[PDB]
Amino acid sequence: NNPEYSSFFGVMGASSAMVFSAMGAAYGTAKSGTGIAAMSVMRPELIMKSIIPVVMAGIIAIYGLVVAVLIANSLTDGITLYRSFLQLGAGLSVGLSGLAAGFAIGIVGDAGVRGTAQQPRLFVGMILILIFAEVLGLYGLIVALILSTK
Amino acid sequence: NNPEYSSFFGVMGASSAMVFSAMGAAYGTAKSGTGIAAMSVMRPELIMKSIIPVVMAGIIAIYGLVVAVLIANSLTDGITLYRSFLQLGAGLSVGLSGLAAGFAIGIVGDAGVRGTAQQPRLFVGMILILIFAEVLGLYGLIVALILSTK
Amino acid sequence: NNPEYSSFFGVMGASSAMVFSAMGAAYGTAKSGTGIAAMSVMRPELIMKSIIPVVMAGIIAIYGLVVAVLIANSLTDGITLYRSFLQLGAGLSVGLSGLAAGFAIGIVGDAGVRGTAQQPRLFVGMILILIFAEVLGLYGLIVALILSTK
Amino acid sequence: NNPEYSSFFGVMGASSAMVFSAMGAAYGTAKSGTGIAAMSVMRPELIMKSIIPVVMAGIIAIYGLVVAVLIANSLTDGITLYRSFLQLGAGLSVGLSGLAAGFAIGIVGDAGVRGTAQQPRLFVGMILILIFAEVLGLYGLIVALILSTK
Amino acid sequence: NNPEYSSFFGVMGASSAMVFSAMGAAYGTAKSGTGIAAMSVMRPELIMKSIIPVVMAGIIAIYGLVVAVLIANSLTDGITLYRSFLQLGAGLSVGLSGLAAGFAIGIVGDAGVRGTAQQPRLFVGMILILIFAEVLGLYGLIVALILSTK
Amino acid sequence: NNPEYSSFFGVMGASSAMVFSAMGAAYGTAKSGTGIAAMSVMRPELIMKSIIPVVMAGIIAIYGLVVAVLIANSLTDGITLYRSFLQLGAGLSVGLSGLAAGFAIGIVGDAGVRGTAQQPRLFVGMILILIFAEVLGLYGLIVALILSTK
Amino acid sequence: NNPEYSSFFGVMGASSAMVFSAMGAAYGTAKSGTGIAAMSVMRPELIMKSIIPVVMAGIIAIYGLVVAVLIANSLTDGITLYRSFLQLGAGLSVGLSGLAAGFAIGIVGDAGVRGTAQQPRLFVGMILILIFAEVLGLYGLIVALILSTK
Amino acid sequence: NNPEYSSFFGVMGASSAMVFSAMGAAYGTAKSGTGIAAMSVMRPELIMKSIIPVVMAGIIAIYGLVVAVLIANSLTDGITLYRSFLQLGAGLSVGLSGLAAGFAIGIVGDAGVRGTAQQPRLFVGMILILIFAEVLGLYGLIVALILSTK
Amino acid sequence: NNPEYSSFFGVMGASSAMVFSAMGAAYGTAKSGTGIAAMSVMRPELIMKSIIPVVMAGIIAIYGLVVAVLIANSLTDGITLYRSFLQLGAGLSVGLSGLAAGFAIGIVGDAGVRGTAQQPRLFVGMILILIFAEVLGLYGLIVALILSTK
Amino acid sequence: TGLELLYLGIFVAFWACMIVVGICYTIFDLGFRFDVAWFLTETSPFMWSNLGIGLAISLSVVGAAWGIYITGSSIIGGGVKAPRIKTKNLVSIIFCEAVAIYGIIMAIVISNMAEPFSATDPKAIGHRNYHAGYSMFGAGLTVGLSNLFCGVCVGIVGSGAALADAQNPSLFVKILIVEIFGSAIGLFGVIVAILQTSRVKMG
Amino acid sequence: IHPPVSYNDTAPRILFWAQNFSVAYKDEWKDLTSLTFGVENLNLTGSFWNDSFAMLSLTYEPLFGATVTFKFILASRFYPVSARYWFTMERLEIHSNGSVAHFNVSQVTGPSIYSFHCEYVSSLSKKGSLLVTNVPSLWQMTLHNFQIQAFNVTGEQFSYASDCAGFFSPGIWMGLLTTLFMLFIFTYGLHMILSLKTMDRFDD
Amino acid sequence: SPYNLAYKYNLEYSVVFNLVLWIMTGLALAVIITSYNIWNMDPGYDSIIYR
């Protein structure tokens, strides 16, 4: 029968899904908030429109949560070591792709908001650039949804 | 039956919840407190409102506490090893999410407070930015409540 | 008979395909997005043409996804240890080659968009040099599709 | 019944409760003590108001001491491994939470003191920020008292 | 007869043949694209001469592909541990020699392109230097083909 | 009987009670004694008063000496493995608390005398801040005396 | 008779003969190449004389290839560990002496070119200096030819 | 009967002699060469004397070569560990002594050749300083000959 | 009778005594030689006095030589671990002693030469301070001779 | 920066590996391996003792060497505009040499306690020969690292005095009080190393 | 693959196995493998088992002009430090037509929940030399791929095996803790040497 | 196999493990250090670098 330790890699999957996704959403919210704050002195109106980098960093945290809860609700003491390895893979995949999307949304957010203060046309541009970052979190999620449900 | 090391991981769980949430809430309180100090010099009226990005750093340590207490009140010598890894997962999952939310609240506080000193309209924007940081501690908590009770 | 650990390398393949491709696409999008945002101040009309480095960084994330999804649909409980290493190799080979392509797109997108905004003659030259970056991800795919099937 | 090495974890609990909280209180006193010394030249009257963050850094090592003495008085020549792990986790929990509170008291108790000499109104807010820093030691203590007595 | 935990080295060969050559071509492309972009501002006519270092980087990835495919086609279930190490040595010997060549071209491509725009006589010198840089990729392929077929 | 290697941990207890206290008192004496020397040229009368941070650092070396003597007088080849661990716990608990206190005494002795040179009213504040640092050596001594006698 | 795993060191000989020599020749070509590019602007006549440093770096890659071929043509399944160690030793002796020679060629090649640009009489001195850099590859080669035939 | 694997240390002896002597001779030649070239712009007639530092750095590579050959001429299949270790010691003894001597000849040769063009009366002194740098490689040799012949 | 590894430690003794004394004498000669070179430009007559810190560095590699030769004569195949580790203790003792003394002779030499050039009274002051450094080489010798003869 | 990234990379990689090993041997129930009892019995008492002697002399001499270059570099530099410095400030050197000498004293004292014992089975070696091996290692680290830290400390405060004594000749005789407190650390290293060493025997 | 030599007492209590078992007298060798593993005739008479002690005794009819018996002697002790019952095979005995020889096996031990496995239990210096003899002897033995379990057996199968083949031998530990100590020294040597610098300028 | 026979680790496995680990660590560091010193090399084109 299955090894007594088998659930460890499954839990590290549930954990990594949330840890690295909160790190992604944290850097994505820290850089975004920094850019919003430093921009507000010169263009106070743009703070409301310029929240969207933060809101997409939040989506990377939720892409962690969806997998961390899906894995957590899947665990059992009798878990096969193969099933735990799927969950570990799902965890590192969404977790570190969320981290990667967080790095992208962070830098794009900061530069995008500072540029938008100087040129209002940049707004539509940086929204598209953020979408091309947030989709990394989604691709992390797709792979992690697949792996958790095979 | 269950191993000698069985409760070790569940204990490192309660520890890691409290420790890494305290690291998160400490970094939050440190950066936010620096930003409040630097702001005070020319906007003393803003201090009693600018403490929000410190109150929220305090809330992340509370999310560490609520998990670490819940784990610590659910350990025993006999523990099933499976329950012990779940509790480790809860411990890392809140703990390092609190470290991430604390990173975001620290940076957003330190930038948002100085930006508000330069521009009083930023304040509602800052609360909106901070809710998308503080919620990372909450996602760490949600997962950690789930794993610790699975 | 196969050992119980056998599926671990294979799933770390699926993870590595998506993780390192997201880290590649992230650096690619972050440096490109900085370039676009900084140059929009001088030549707002060039932001739309300047998206291409972002889009091609996005395509590295697709090469990660393709291999991670192919590994994740090829992986199983009974997987022979040979095929599990082949999947690890496919995962690293697209993953770290997509990381290398991401570095190339990031540096070239930034330097290329900045050069283009100073001098609009560069754009066609930048597209050629971007294909010579983007194709590293496609070589990483070519080798990973072979490895995962032979 | 119990391993003769069993006390090692409980011993490193008692040590770590102290060491990390003394590192926290030392950093807290180094930073805030530099703050007071460099401040005092311009404002010789503020020393006995601004000692408060040094007093709170001193209390961090009391949190470590309370747990360390509680663990030390709970050692015995063949302790059950469960209680020895609890004593390790208790010791790290307050020790590193006290270290975290020490970082927050060190940064705040430095920055708030140079702020206070520029603007005495900051003092009322500074104490509240220092309470949100010091209470991490207390959340450390609460989790360590629960664990070390479970 | 042959052990498992053995096709691993040949797989790390095929992977490293693609990975470290993709890194080599990425540095070669990133530095050459930086030099070409910054150069094109002052000499817009020069790009289709000065693109040669980028192409001399693209070939390094292909030297990786040649070996990577040659190895991945030569992998088999139960491959003799000898053949497996020869495929690892091949894979590294192209992979890291292509990395060496990738630096050698990236550096002399950035400097050679900049110098050529300041003085057009350098172009013959630059392409001659690039032969002596690109041949390091070739020498990795030579030994790698010998090790692959020995 | 005890195991043959039993006395190693207790020997490291002596050899860390003293070593890390010597590190603490050395840094406290070197940082403070630089402070005194550079300060004294501006205020040649203040050497006699300004020795106190050095005396406080010298006390950390006395605390390390006391635990180390107590360990070294309690060691025997016959030492039960339990008491050997208690002696390592005691040795690190004082040794690294002495290091913490010596770091604080070094920083606040230097900043204390540099401030005091300009503003003699700091001298009373400095000794209070020093007592709030040197007592960390005492807290580490209290626990170390307890651990080494349980 | 002779062990499995015995060829591994012989393979790492063939690899290291190449890789480290290619790193030596890459440094030598990169560093001297940037020198030639920067010189050529002021002194267009010197380009075709100034290639000699690059040519001598090319010879370090040759010494690496010569040994790598002489190792790789001397591997077999049954290799006595003695012959395999001799091949590792050979591959490190030329590989790293070629590296040393290459590091010297790069530094003396650049300094020698920049000096020759300002003062053409240096060129004979630059060759004599450079002979003593390239001959380190030859001495590495001699020791590798000797070892690989013991 | 001599253990298997014995020849490895002796081989690493012969290699270390040559490799670390080349590393020393290379650094010695790189710094001396830089000094000759940066000097010879202003006093070109000094070249013929100024090469002597490079010749002494080349002699270290001969000390490496002599020992590496004398070691390799004393390898055999089934060498006794005593002689194989004596050969490792002989290898490092000349090898890293030559490395050290290479730094000394390099730093001396650089500072001294540049000093000599400012002040011709330095040269009769710099030679003596270089004899005290070169003799380290000779002492490395004297020990290595002794060890390799017991 | 003896463990087959036994003669290793004494060989690493002989290596360390020569290598770490050459590393010491090299830095000592490099710092002192740089000092004499930079000094000579203004005070060329002072060189033959200023060689003292150089010859006192060269002497450190004679103390390393004396021990390494003593160890090399003291080695035999039949050496017990006791006689072998004594010879390692000798080797580290003179080795790191000469490596330390050689750093003080270097740095004191490099000051003491410029200090004598700009202030001729310091010449004996340097020599005294160098005798107090060069005796550190003799201490590492005296114990190393004691350990090799024990 | 460069070398510090290498030391960081070695350090973090090593402790990351030790986390993964310490997890994996625990979770896989392989804690019968990692037997620190084998490690602390198979690693010969002779090795611990001779590293102890070698670090006792050497780390003390490293402490005296940083002592001598830290104070010596400033004595010379300040002496340019004040030649008298080379009299008085030689006492900061004499204290650094005394830190080396605490090294040679204890390294000889430990040396004259270590003897061969003609055995290799841990039961035939017996607790005595191990307690000597460990105690002579710990004594060696205790004198060695205490003298390292003492010698850097007297160097720093010796440089202190020497730069003060450039500008005002009355300061040196008073700043010496911190060199007495610095020197106590070397002698406390000695006292503990003596007490550790005092109970050993081998044979 | 040959079946193990079990000892049976209501249930299997000892399991013994080798890929080859061979012996010599006066340095002349014989196979025992085909006389031993999976053989019904194998004379275990006078073998014994107890909850803390076990003795596998194998007797042979044709060897060396004699009836010959090999005893494998094993014990299980409560190792107080580690609390698990560890076992060791402490000695081997050879009994001849009228004489006895002894071998001490040095390293054969593990927790009693696990079997012990090594590539060789042998007296020959080439084969790990685990069979120490404290005095000269006419006999030699070799077990290739030796595997034993004399406690907590669970049917015909061995439990998991604690191999002799650990990552670090004693000689390696001393080699590393020498080298990776003096590499701290060498790295400091190079830290200072690589921090050597030379002036960019000189006086008038 | 039917009886749970062990993974047959050889003697000298400690030796092969440490030879291979320390050689591959040494050669991985020698490559990473060399590759770092070439990657983060100052290309020194000071006559043109400003342009």
# chains A, B, ... in the order shown; residues from 1 in each chain; ligands from 1
>>> closest_atom_pairs(of="chain J", to="chain I", cutoff="7 Å", atoms="only C-alpha atoms", output="Markdown table")
| residue | atom | partner | partner_atom | distance |
| --- | --- | --- | --- | --- |
| J:46 | CA | I:82 | CA | 5.8 |
| J:47 | CA | I:85 | CA | 5.9 |
| J:50 | CA | I:89 | CA | 5.0 |
| J:51 | CA | I:89 | CA | 6.1 |
| J:53 | CA | I:89 | CA | 6.5 |
| J:54 | CA | I:89 | CA | 4.8 |
| J:57 | CA | I:93 | CA | 6.1 |
| J:58 | CA | I:97 | CA | 5.3 |
| J:61 | CA | I:97 | CA | 5.7 |
| J:62 | CA | I:100 | CA | 5.0 |
| J:65 | CA | I:104 | CA | 5.4 |
| J:66 | CA | I:104 | CA | 6.8 |
| J:68 | CA | I:104 | CA | 6.2 |
| J:69 | CA | I:104 | CA | 4.8 |
| J:72 | CA | I:108 | CA | 5.9 |
| J:73 | CA | I:108 | CA | 5.6 |
| J:76 | CA | I:115 | CA | 5.9 |
| J:77 | CA | I:115 | CA | 6.3 |
| J:79 | CA | I:122 | CA | 6.9 |
| J:80 | CA | I:119 | CA | 5.1 |
| J:83 | CA | I:121 | CA | 6.2 |
| J:86 | CA | I:125 | CA | 5.5 |
| J:97 | CA | I:132 | CA | 6.6 |
| J:100 | CA | I:136 | CA | 6.9 |
| J:104 | CA | I:139 | CA | 6.4 |
| J:108 | CA | I:143 | CA | 6.5 |
| J:116 | CA | I:82 | CA | 6.0 |
>>> write_last_selection(atoms="N, CA, C and O atoms", output="mmCIF file, in the first residue's frame")
data_model
loop_
_atom_site.group_PDB
_atom_site.id
_atom_site.type_symbol
_atom_site.label_atom_id
_atom_site.label_comp_id
_atom_site.auth_asym_id
_atom_site.auth_seq_id
_atom_site.Cartn_x
_atom_site.Cartn_y
_atom_site.Cartn_z
ATOM 1 N N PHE J 46 42.348 11.831 16.479
ATOM 2 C CA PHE J 46 43.565 12.484 16.037
ATOM 3 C C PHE J 46 43.277 13.672 15.133
ATOM 4 O O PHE J 46 43.952 14.690 15.258
ATOM 5 N N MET J 47 42.283 13.576 14.250
ATOM 6 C CA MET J 47 41.965 14.647 13.310
ATOM 7 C C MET J 47 41.403 15.866 14.020
ATOM 8 O O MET J 47 41.944 16.958 13.882
ATOM 9 N N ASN J 50 44.402 17.599 16.014
ATOM 10 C CA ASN J 50 45.359 18.354 15.226
ATOM 11 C C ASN J 50 44.755 19.555 14.523
ATOM 12 O O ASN J 50 45.410 20.586 14.479
ATOM 13 N N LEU J 51 43.508 19.504 14.054
ATOM 14 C CA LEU J 51 42.838 20.730 13.623
ATOM 15 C C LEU J 51 42.754 21.717 14.771
ATOM 16 O O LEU J 51 43.042 22.886 14.583
ATOM 17 N N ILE J 53 44.910 22.088 17.341
ATOM 18 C CA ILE J 53 46.224 22.717 17.496
ATOM 19 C C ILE J 53 46.483 23.672 16.347
ATOM 20 O O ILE J 53 46.883 24.807 16.564
ATOM 21 N N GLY J 54 46.222 23.250 15.119
ATOM 22 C CA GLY J 54 46.519 24.054 13.948
ATOM 23 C C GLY J 54 45.703 25.330 13.903
ATOM 24 O O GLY J 54 46.234 26.385 13.574
ATOM 25 N N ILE J 57 47.127 27.964 16.899
ATOM 26 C CA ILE J 57 48.180 28.842 16.408
ATOM 27 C C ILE J 57 47.667 29.714 15.275
ATOM 28 O O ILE J 57 47.865 30.919 15.300
ATOM 29 N N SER J 58 46.967 29.164 14.293
ATOM 30 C CA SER J 58 46.731 29.911 13.076
ATOM 31 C C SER J 58 45.713 30.997 13.242
ATOM 32 O O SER J 58 46.019 32.126 12.918
ATOM 33 N N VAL J 61 47.235 33.790 15.051
ATOM 34 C CA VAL J 61 48.131 34.532 14.183
ATOM 35 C C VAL J 61 47.377 35.318 13.125
ATOM 36 O O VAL J 61 47.776 36.431 12.835
ATOM 37 N N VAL J 62 46.254 34.855 12.598
ATOM 38 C CA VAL J 62 45.388 35.683 11.757
ATOM 39 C C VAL J 62 44.890 36.889 12.537
ATOM 40 O O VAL J 62 44.967 38.005 12.044
ATOM 41 N N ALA J 65 47.701 39.235 12.846
ATOM 42 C CA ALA J 65 48.021 39.834 11.568
ATOM 43 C C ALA J 65 47.046 40.935 11.208
ATOM 44 O O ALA J 65 47.491 42.012 10.845
ATOM 45 N N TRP J 66 45.736 40.741 11.357
ATOM 46 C CA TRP J 66 44.785 41.837 11.136
ATOM 47 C C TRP J 66 44.967 42.905 12.203
ATOM 48 O O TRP J 66 44.852 44.084 11.921
ATOM 49 N N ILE J 68 47.929 43.818 13.513
ATOM 50 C CA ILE J 68 49.117 44.531 13.075
ATOM 51 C C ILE J 68 48.847 45.329 11.820
ATOM 52 O O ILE J 68 49.249 46.479 11.797
ATOM 53 N N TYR J 69 48.170 44.829 10.789
ATOM 54 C CA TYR J 69 47.919 45.697 9.647
ATOM 55 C C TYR J 69 46.880 46.760 9.939
ATOM 56 O O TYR J 69 47.033 47.868 9.445
ATOM 57 N N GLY J 72 48.963 49.149 12.269
ATOM 58 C CA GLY J 72 50.175 49.507 11.552
ATOM 59 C C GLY J 72 49.924 50.387 10.343
ATOM 60 O O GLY J 72 50.621 51.366 10.149
ATOM 61 N N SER J 73 48.883 50.135 9.571
ATOM 62 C CA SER J 73 48.555 50.970 8.425
ATOM 63 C C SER J 73 48.266 52.407 8.831
ATOM 64 O O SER J 73 48.748 53.336 8.198
ATOM 65 N N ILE J 76 51.663 54.301 10.477
ATOM 66 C CA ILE J 76 52.508 54.803 9.412
ATOM 67 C C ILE J 76 51.869 56.033 8.787
ATOM 68 O O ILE J 76 52.490 57.084 8.729
ATOM 69 N N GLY J 77 50.611 55.951 8.376
ATOM 70 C CA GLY J 77 49.949 57.060 7.696
ATOM 71 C C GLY J 77 49.901 58.338 8.524
ATOM 72 O O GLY J 77 50.275 59.400 8.048
ATOM 73 N N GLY J 79 51.904 58.968 11.040
ATOM 74 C CA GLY J 79 53.293 59.284 11.338
ATOM 75 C C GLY J 79 53.949 60.229 10.354
ATOM 76 O O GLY J 79 54.854 60.949 10.759
ATOM 77 N N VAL J 80 53.462 60.314 9.111
ATOM 78 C CA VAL J 80 53.998 61.222 8.088
ATOM 79 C C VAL J 80 54.104 62.651 8.603
ATOM 80 O O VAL J 80 55.158 63.269 8.509
ATOM 81 N N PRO J 83 56.100 62.219 13.466
ATOM 82 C CA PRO J 83 56.999 61.083 13.613
ATOM 83 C C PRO J 83 57.052 60.459 15.001
ATOM 84 O O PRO J 83 57.321 59.266 15.106
ATOM 85 N N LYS J 86 55.550 56.628 16.385
ATOM 86 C CA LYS J 86 56.225 55.328 16.291
ATOM 87 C C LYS J 86 56.814 54.827 17.617
ATOM 88 O O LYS J 86 57.153 53.659 17.730
ATOM 89 N N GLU J 97 50.965 41.296 19.100
ATOM 90 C CA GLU J 97 51.898 40.182 19.233
ATOM 91 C C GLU J 97 51.516 39.309 20.425
ATOM 92 O O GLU J 97 51.523 38.090 20.314
ATOM 93 N N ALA J 100 49.005 36.806 19.208
ATOM 94 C CA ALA J 100 49.653 35.675 18.572
ATOM 95 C C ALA J 100 50.233 34.757 19.629
ATOM 96 O O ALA J 100 49.996 33.559 19.582
ATOM 97 N N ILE J 104 50.419 30.650 20.337
ATOM 98 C CA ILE J 104 51.511 29.679 20.416
ATOM 99 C C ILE J 104 51.535 28.997 21.770
ATOM 100 O O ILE J 104 51.720 27.788 21.814
ATOM 101 N N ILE J 108 50.992 24.905 21.792
ATOM 102 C CA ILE J 108 51.993 24.027 22.409
ATOM 103 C C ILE J 108 51.403 23.259 23.589
ATOM 104 O O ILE J 108 51.615 22.055 23.687
ATOM 105 N N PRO J 116 49.769 9.060 20.698
ATOM 106 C CA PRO J 116 49.192 7.936 19.972
ATOM 107 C C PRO J 116 48.432 6.999 20.921
ATOM 108 O O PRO J 116 48.678 7.012 22.125
#
>>> residues_around(residues="range 70-72 of chain G", least_positions_apart="3", cutoff="6 Å", atoms="only C-alpha atoms", output="list in words")
residues 14, 67, 75 and 87 of chain G
>>> interface_residues(of="chain D", to="chain F", cutoff="9 Å", atoms="only C-alpha atoms", output="ChimeraX atom specification")
/D:4-8,11-42,44-45,47-48,51,54-55,57-58,61-62,64-65,68-69,72-73,75-78
>>> write_last_selection(atoms="C-alpha atoms", output="mmCIF file, in the first residue's frame")
data_model
loop_
_atom_site.group_PDB
_atom_site.id
_atom_site.type_symbol
_atom_site.label_atom_id
_atom_site.label_comp_id
_atom_site.auth_asym_id
_atom_site.auth_seq_id
_atom_site.Cartn_x
_atom_site.Cartn_y
_atom_site.Cartn_z
ATOM 1 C CA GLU D 4 18.514 10.019 24.407
ATOM 2 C CA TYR D 5 19.041 12.736 21.766
ATOM 3 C CA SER D 6 15.376 13.755 22.275
ATOM 4 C CA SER D 7 16.242 16.859 24.335
ATOM 5 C CA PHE D 8 18.182 18.422 21.407
ATOM 6 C CA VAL D 11 17.240 22.674 24.023
ATOM 7 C CA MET D 12 17.463 24.480 20.674
ATOM 8 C CA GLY D 13 13.977 25.783 21.451
ATOM 9 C CA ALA D 14 15.167 27.366 24.719
ATOM 10 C CA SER D 15 18.275 28.736 23.012
ATOM 11 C CA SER D 16 16.409 30.019 19.922
ATOM 12 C CA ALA D 17 13.715 31.771 21.980
ATOM 13 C CA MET D 18 16.528 33.770 23.513
ATOM 14 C CA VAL D 19 19.040 34.148 20.646
ATOM 15 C CA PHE D 20 16.605 35.374 18.006
ATOM 16 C CA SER D 21 14.749 37.655 20.445
ATOM 17 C CA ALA D 22 18.083 39.054 21.676
ATOM 18 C CA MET D 23 19.035 39.630 18.009
ATOM 19 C CA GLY D 24 15.648 41.379 17.634
ATOM 20 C CA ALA D 25 16.076 43.507 20.751
ATOM 21 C CA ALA D 26 19.713 44.251 19.856
ATOM 22 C CA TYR D 27 18.767 45.427 16.354
ATOM 23 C CA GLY D 28 15.809 47.315 17.838
ATOM 24 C CA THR D 29 18.195 49.037 20.306
ATOM 25 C CA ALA D 30 20.961 49.664 17.738
ATOM 26 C CA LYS D 31 18.665 51.404 15.241
ATOM 27 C CA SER D 32 16.524 53.313 17.785
ATOM 28 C CA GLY D 33 19.639 54.076 19.887
ATOM 29 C CA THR D 34 21.324 55.555 16.810
ATOM 30 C CA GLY D 35 18.097 57.515 16.210
ATOM 31 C CA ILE D 36 18.128 58.901 19.767
ATOM 32 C CA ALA D 37 21.842 59.729 19.692
ATOM 33 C CA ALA D 38 21.824 61.558 16.303
ATOM 34 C CA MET D 39 18.492 63.264 17.177
ATOM 35 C CA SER D 40 19.559 64.406 20.673
ATOM 36 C CA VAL D 41 22.068 67.016 19.367
ATOM 37 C CA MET D 42 19.298 69.222 17.920
ATOM 38 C CA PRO D 44 18.266 67.531 23.981
ATOM 39 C CA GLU D 45 14.811 67.497 25.670
ATOM 40 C CA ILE D 47 15.690 61.771 25.049
ATOM 41 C CA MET D 48 13.295 60.684 27.832
ATOM 42 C CA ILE D 51 13.691 56.092 24.888
ATOM 43 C CA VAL D 54 14.422 51.254 23.188
ATOM 44 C CA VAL D 55 12.229 50.135 26.132
ATOM 45 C CA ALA D 57 13.147 46.679 22.010
ATOM 46 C CA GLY D 58 14.165 45.636 25.560
ATOM 47 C CA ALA D 61 14.124 39.953 24.829
ATOM 48 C CA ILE D 62 11.676 39.540 27.742
ATOM 49 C CA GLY D 64 12.231 35.392 24.404
ATOM 50 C CA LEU D 65 13.282 35.008 28.064
ATOM 51 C CA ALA D 68 13.244 30.260 27.110
ATOM 52 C CA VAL D 69 12.905 29.851 30.891
ATOM 53 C CA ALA D 72 14.366 25.222 30.089
ATOM 54 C CA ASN D 73 12.308 24.376 33.256
ATOM 55 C CA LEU D 75 13.422 19.781 30.001
ATOM 56 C CA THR D 76 14.092 16.324 31.541
ATOM 57 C CA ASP D 77 16.602 13.446 30.996
ATOM 58 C CA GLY D 78 14.363 11.569 28.451
#
>>> closest_atom_pairs(of="chain K", to="chain D", cutoff="7 Å", atoms="only C-alpha atoms", output="tab-separated table")
residue	atom	partner	partner_atom	distance
K:80	CA	D:3	CA	6.5
K:81	CA	D:4	CA	4.5
K:82	CA	D:3	CA	5.0
K:83	CA	D:3	CA	5.0
>>> interface_residues(of="chain J", to="chain K", cutoff="12 Å", atoms="only C-alpha atoms", output="PyMOL selection string")
chain J and resi 1-4+6-7+10+28-48+50-52+54-55+58-59+62+120-122
>>> closest_residue(among="K:120, K:37, K:7, K:16", to="residue 5 in chain L", atoms="only C-alpha atoms")
K:16
>>> select_by_dssp(residues="range 3-129 of chain G", states="helix (DSSP H, G or I)", output="MDAnalysis selection string")
chainID G and resid 6:42 44:46 52:72 81:118 122:129
>>> atom_distance(atom1="CA of residue 74 in chain A", atom2="CA of residue 10 in chain A")
9.0 Å
>>> interface_residues(of="chain L", to="chain K", cutoff="7 Å", atoms="only C-alpha atoms", output="list in words")
residues 3, 4, 5, 6, 8, 9, 10, 11, 13, 14 and 17 of chain L
>>> closest_atom_pairs(of="chain L", to="chain H", cutoff="10 Å", atoms="only C-alpha atoms", output="JSON lines")
{"residue": "L:12", "atom": "CA", "partner": "H:4", "partner_atom": "CA", "distance": 8.8}
{"residue": "L:15", "atom": "CA", "partner": "H:5", "partner_atom": "CA", "distance": 8.2}
{"residue": "L:16", "atom": "CA", "partner": "H:5", "partner_atom": "CA", "distance": 8.7}
{"residue": "L:19", "atom": "CA", "partner": "H:8", "partner_atom": "CA", "distance": 9.0}
>>> closest_atom_pairs(of="chain L", to="chain J", cutoff="12 Å", atoms="only C-alpha atoms", output="tab-separated table")
residue	atom	partner	partner_atom	distance
L:25	CA	J:10	CA	10.2
L:26	CA	J:10	CA	11.4
L:28	CA	J:10	CA	11.6
L:29	CA	J:6	CA	8.9
L:30	CA	J:6	CA	11.2
L:32	CA	J:6	CA	9.4
L:33	CA	J:6	CA	8.0
L:34	CA	J:6	CA	11.7
L:36	CA	J:2	CA	8.9
L:37	CA	J:2	CA	8.8
L:40	CA	J:2	CA	9.6
L:41	CA	J:2	CA	11.3
>>> atom_distance(atom1="CA of residue 77 in chain K", atom2="CA of residue 112 in chain K")
9.0 Å
